[PDB]
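Worksheet: one structure, shown below.
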Amino acid sequence: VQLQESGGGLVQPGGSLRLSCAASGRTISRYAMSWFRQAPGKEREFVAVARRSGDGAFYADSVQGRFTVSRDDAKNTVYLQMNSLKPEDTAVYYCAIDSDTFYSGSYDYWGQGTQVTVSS
Amino acid sequence: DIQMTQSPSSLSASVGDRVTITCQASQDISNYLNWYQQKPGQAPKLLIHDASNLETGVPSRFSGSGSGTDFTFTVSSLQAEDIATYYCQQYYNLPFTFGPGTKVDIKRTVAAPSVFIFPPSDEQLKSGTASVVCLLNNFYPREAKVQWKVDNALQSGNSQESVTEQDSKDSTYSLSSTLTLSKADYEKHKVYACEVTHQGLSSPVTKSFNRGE
Amino acid sequence: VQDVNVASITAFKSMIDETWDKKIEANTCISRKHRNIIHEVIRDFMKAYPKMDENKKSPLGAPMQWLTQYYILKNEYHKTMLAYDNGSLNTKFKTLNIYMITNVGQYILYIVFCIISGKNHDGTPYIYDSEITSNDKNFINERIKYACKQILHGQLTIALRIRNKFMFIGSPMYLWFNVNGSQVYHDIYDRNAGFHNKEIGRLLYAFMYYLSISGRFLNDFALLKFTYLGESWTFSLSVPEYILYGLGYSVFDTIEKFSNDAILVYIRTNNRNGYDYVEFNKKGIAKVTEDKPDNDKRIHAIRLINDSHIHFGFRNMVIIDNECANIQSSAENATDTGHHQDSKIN
Amino acid sequence: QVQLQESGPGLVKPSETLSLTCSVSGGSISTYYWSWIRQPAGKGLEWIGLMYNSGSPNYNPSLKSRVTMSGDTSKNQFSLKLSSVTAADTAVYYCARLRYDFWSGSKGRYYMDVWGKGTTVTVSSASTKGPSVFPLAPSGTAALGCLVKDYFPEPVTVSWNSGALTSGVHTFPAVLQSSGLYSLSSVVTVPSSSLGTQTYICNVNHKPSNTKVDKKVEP
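This is the structure in structure tokens:
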């Protein structure tokens with residue numbers, strides 16, 4: 775099972791981006807999908823999680839109201855719409871599968887990560 | 062007697078959302094229905110009488126309606142302090158009967174747990190038993206996993222967990238895991254670790270100590 | 015054109031003089047003569063201006079003609095009353111308030127003059143003149159509920175300070191417009207533990223407890239219906255004297271029966287320390303053809319005999335005892351003895 | 657100011673009689689209607705019976721033979737007696753004031769608006785046992801607490817610094833160990849700079865055994 779991500783890039787402060795993460799070998803419909811980011815010299819912090827359809831999406835304080843996480847179970851792909859971008863959002867964004875269907879956060883399989891840079 | 066049903070059995074909503082609870086009666090009870098709010102650790106508090114009349118002092122965000130068999134309870138703008146179990150009760154016939162209740166939970170942003178471990182206190186070892194307590198403090202969502210490893214050996218069937226009710230201010234949860242060991246088995250090992258996973262944690266968080274050290 | 019009964023004004027003025035210096039003791043109660051006077055003053059006050067003017071009516075149906083200054087000031091009974099004997103009763107009244115009352119004359123004069131002037135104990139009127147034609151049902155209901163509640167609550171404040179047990183003047187029936195008697199009962203007693211005392215305001219308790227368990231309009235469950243000047247009231251139990259005296263109803267009003275149950279309509283006292291009554295059985299209008307007794311002997315009480323709360327009809331509580339200390343106000347001390355002293359008139 | 661408070665033995669042997677008392681302040685019991693309501697742990701509410709101001713009781717037909725309710729005017733209390741108890745009677749018992757309304761139909765309208773704090777009663781053949789209190793010593797923000805182990809039956813009240821320390825306290829619900837004895841822990845998060853400056857004492861209280869323990873937690 776592999777997680778390929780894309781959509782990163784350089785943006786002016788206040789711009790918007792849409793990240794994507796396609797999955798292979800396994801169906802994401804039964805597992806929750808989380809988004810993490812890592813700025814240089816910091817730990818990998820939580821951004822958003824997209825549980826199974828109907829179980830809701832949850833966000834972090836730093837990204838609440840600006841980011842929206844969604845999923846396309848038919849295409850085995852999850853997304854992260856990023857609006858009102860600020861330089862503090864510059865990091866490498868990863869996507870992980872919660873291997874536990876009970877939502878305990880057993881992040882076994884991760885993506886390669888894509889770079890998001892916000893600067894003028 | 063007259064039997065009451067409530068739907069849903071539980072629900073999770075964010076602050077500001079419009080929440081609606083339904084209550085059904087097995088027969089016509091006109092508007093002889095009460096609505097109670099029971100916050101954790103308290104007695105039931107009467108909010109609405111006669112299906113739609115608010116009690117004195119109840120916030121205006123609470124409202125109710127209905128007459129006959131089906132009844133509706135609505136919180137127009139859900140607040141964090143409203144975490145409770147809401148019951149409906151009929152007084153049309155004796156005996157008075159309550160509904161099964163609806164649990165209203167608050168949805169908030171993700172907060173990772175702060176993990177702490179506590180070795181057994183020297184006083185307890187004199188009893189022949191050792192209790193290792195692991196603490197998960199103020200986290201959301203409620204789902205979390207706790208694993209005990211003594212000398213890097215995963216434990217099973219020798220620990221008990223306890224979760225607090227949702228907090229009425231920051232809407233978080235707290236979990237404890239107590240590993241109970243005999244003094245004999247406790248002294249045979251050195252490192253006692255508590256591994257915690259949570260959806261807000263990218264990698265499992267481990268807190269451990271060394272016996273004596 | 016207005017019907018002004020000057021006799022009740024003279025009897026009231028005499029009653030104040032004879033009682034202006036009588037200190038209210040622990041068991042002091044208002045005599046039958048004085049109650050019948052008080053009962054007649056309020057009823058005569060309403061009949062002076064019985065209806066509202068067609069061009070200044072309440073769309074809610076509230077009896078604004080007895081609640082607002084616009085109608086009370088041109089009420090010829092109110093005008094004659096406040097000016098009687100060089101306005102001496104008005105001079106005495108202007109010196110009284112709830113917290114200084116100590117004598118019977120002060121108690122009676124202050125409570126009654128507030129009612130026939132449409133004034134609350136804090137000086138505010140029951141209903142403002144601008145609210146006569148008001149369509150705000152909830153707002154008008156609160157004001158009428160406040161006036162009705164405060165009449166009973168104010169007397170309980172007096173009874174608690176004096177430690178009196180049986181002084182009682184009721185809220186007349188028209189002040190119960192949309193008022194929930196069960197609410198008034200719980201509102202007052204939940205808010206002052208002193209009123210629960212076994213020696214404090216017993217006739218006030220008996221009046222409010224009865225109204226807390228029997229609503230004004232019982233609809234299909236109604237057995238009796240009183241009506242006076244358009245103000246109606248229904249009953250399904252026996253009607254003790256403190257209910258008819260408190261609400262201001264007379265046994266000579268429009269009494270209507272909706273069942274074949276037998277009722278004993280006490281109307282007067284007799285020379286053998288008993289009570290003369292008239293019995294009715296059939297459905298329809300129960301008209302008392304007897305002469306209306308004077309203030310010394312008049313009685314307003316009904317004992318209901320139902321065979322389908324019975325203590326309300328017991329002889330010694332359905333009629334207020336003349337001995338103030340022997341007045342019964344609860345089922346615990348309710349006795350039904352002495353029927354051989356009464357007499358049937360039919 | 658109507659206020660209610662339940663009281664009674666927290667332990668009752670099977671087949672024996674449960675006895676509870678509700679003390680009323682701020683008004684006479686002869687003024688209102690009253691009712692008993694019980695709620696087992698984690699379950700719903702069951703109406704036991706009502707009592708009118710005349711003392712006449714009306715019981716739930718489910719318990720219509722085992723219950724007796726009576727009033728004491730001299731003490732301003734009313735009691736609840738439940739005979740032949742089983743495990744199904746282990747619950748938290750509440751007494752409440754039953755406000756009534758008879759001005760919207762002959763069918764009375766009844767509301768339980770004033771509730772007591774409730775009392776916990778456990779039906780068991782075991783004997784009461786006091787708890788053992790052990791400190792959870794700490795090692796920006798630090799965590800410390802107390803371990804209330806091996807007691808029976810419920811409940812146990814835990815406070816910190818005699819009620820001075822309230823914010824940040826988490827007293828977990830008790831767990832039933834395989835020995836039949838309950839066990840809980842109460843924790844609190846404090847600033848790291850106060851571990852040597854501020855003194856922290858937990859106040860464990862177990863009514864069924866008359867056990868009050870004040871334990872000092874220190875690094």
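Chains as they are written, first to last, in this note's numbering: chain A, 775 to 894; chain B, 62 to 274; chain C, 15 to 360; chain D, 657 to 875.
Note that beta-carbon positions come from the ideal geometry of N, C-alpha and C, so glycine has one too.
Any chain A beta carbon closer than 9 Å to residue i
i: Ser263/B; result: yes
i: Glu204/B; result: yes
i: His259/B; result: yes
i: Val136/B; result: no
i: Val171/B; result: yes
Range of the contiguous beta strand (DSSP E) that encloses residue i
i: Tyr868/A; result: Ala865 to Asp872
i: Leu754/D; result: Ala747 to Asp757
i: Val302/C; result: Counting along the chain, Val302/C falls outside any beta strand (DSSP E), and DSSP gives it neither H nor E.
i: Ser126/B; result: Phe123 to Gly127
i: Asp870/D; result: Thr867 to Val873
i: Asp201/C; result: Unbroken run through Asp201/C is the alpha helix (DSSP H), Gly195 to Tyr203; no beta strand (DSSP E).
Residue interval of the alpha helix (DSSP H) (run including residue i)
i: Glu90/C; result: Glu90 to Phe107
i: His250/B; result: Where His250/B is concerned, there is no enclosing alpha helix (DSSP H), given that its DSSP letter is neither H nor E.
i: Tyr224/C; result: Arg216 to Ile227
i: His314/C; result: No alpha helix (DSSP H) holds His314/C; the beta strand (DSSP E) holding it covers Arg312 to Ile319.
i: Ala25/C; result: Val20 to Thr33
Beta carbon proximity, residue i to chain D, threshold 9 Å
i: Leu196/B; result: yes
i: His135/C; result: no
i: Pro181/B; result: yes
i: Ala86/B; result: no
i: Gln197/C; result: yes
i: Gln140/B; result: no
9 Å Cβ cutoff, residue i in contact with chain B
i: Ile693/D; result: yes
i: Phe876/A; result: yes
Alpha-carbon to alpha-carbon, residue j and residue i
i: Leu225/C; j: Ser760/D; result: 13 Å
i: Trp96/B; j: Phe231/C; result: 27 Å
i: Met222/C; j: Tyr84/C; result: 30 Å
i: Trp809/A; j: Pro69/B; result: 31 Å
i: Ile30/C; j: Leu166/C; result: 21 Å
i: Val785/A; j: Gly273/B; result: 54 Å
i: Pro181/B; j: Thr784/D; result: 25 Å
i: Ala254/B; j: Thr842/A; result: 37 Å
i: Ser137/B; j: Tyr234/B; result: 25 Å
i: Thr82/C; j: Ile141/C; result: 5 Å
i: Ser844/A; j: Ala813/A; result: 23 Å
Nearest-angstrom Cβ-Cβ length linking residue i and residue j, presumed shorter than 8 Å
i: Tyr147/B; j: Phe159/B; result: In fact, because the Cβ distance is near 11 Å, the residues do not count as touching under 8 Å.
i: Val165/B; j: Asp131/B; result: Wrong, their Cβ atoms sit about 19 Å apart, outside the cutoff.
i: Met181/C; j: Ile333/C; result: In fact, because the Cβ distance is near 18 Å, the residues do not count as touching under 8 Å.
i: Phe326/C; j: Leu251/C; result: 5 Å
i: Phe191/C; j: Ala236/C; result: In fact, because the Cβ distance is near 18 Å, the residues do not count as touching under 8 Å.
i: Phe790/D; j: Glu184/B; result: 6 Å
i: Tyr750/D; j: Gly774/D; result: 5 Å
i: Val257/B; j: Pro265/B; result: 7 Å
i: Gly229/C; j: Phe758/D; result: 5 Å
i: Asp35/C; j: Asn117/C; result: 6 Å
i: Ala141/B; j: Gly125/B; result: Wrong, their Cβ atoms sit about 21 Å apart, outside the cutoff.
i: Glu779/A; j: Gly879/A; result: Not quite, the Cβ-Cβ distance comes to about 19 Å (not below 8 Å), so this is no contact.
i: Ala173/C; j: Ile122/C; result: Contact doesn't hold; Cβ gap of about 14 Å is too wide.
i: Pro787/A; j: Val866/A; result: Not a contact, Cβ separation roughly 19 Å.
Chain C within 9 Å of residue i, Cβ atoms only
i: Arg722/D; result: no
i: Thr687/D; result: yes
i: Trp759/D; result: yes
i: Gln854/D; result: no
Closer than 8 Å: residue i CB and nearest the ligand NAP heavy atom
i: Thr170/B; result: By its list of ligands, the structure shown contains no ligand whatsoever, and the ligand NAP lies outside what it can speak to.
If you scan the stretch 238-270 of chain C from start to end, which runs of the beta strand (DSSP E) of 3 or more residues do you find wholly inside it? List check, beta strand (DSSP E) in window: 238-242 and 245-249.
Would you list, in sequence order, the uninterrupted beta strand (DSSP E) runs of no fewer than 3 residues that lie entirely inside the stretch 777-864 of chain A? The stretch 777-864 of chain A contains these whole beta strand (DSSP E) runs: 783-785, 791-798, 806-812, 819-824, 831-833, 841-846 and 851-856.
List in chain order: all unbroken beta strand (DSSP E) runs of 3+ residues lying wholly within the stretch 796-839 of chain D. List check, beta strand (DSSP E) in window: 797-807, 813-816 and 825-827.
Within the stretch 153-213 of chain B, ranges of the alpha helix (DSSP H) (whole runs, at least 4 residues): Those alpha helix (DSSP H) runs which fall completely within the stretch 153-213 of chain B and span 4+ residues are 183-186.
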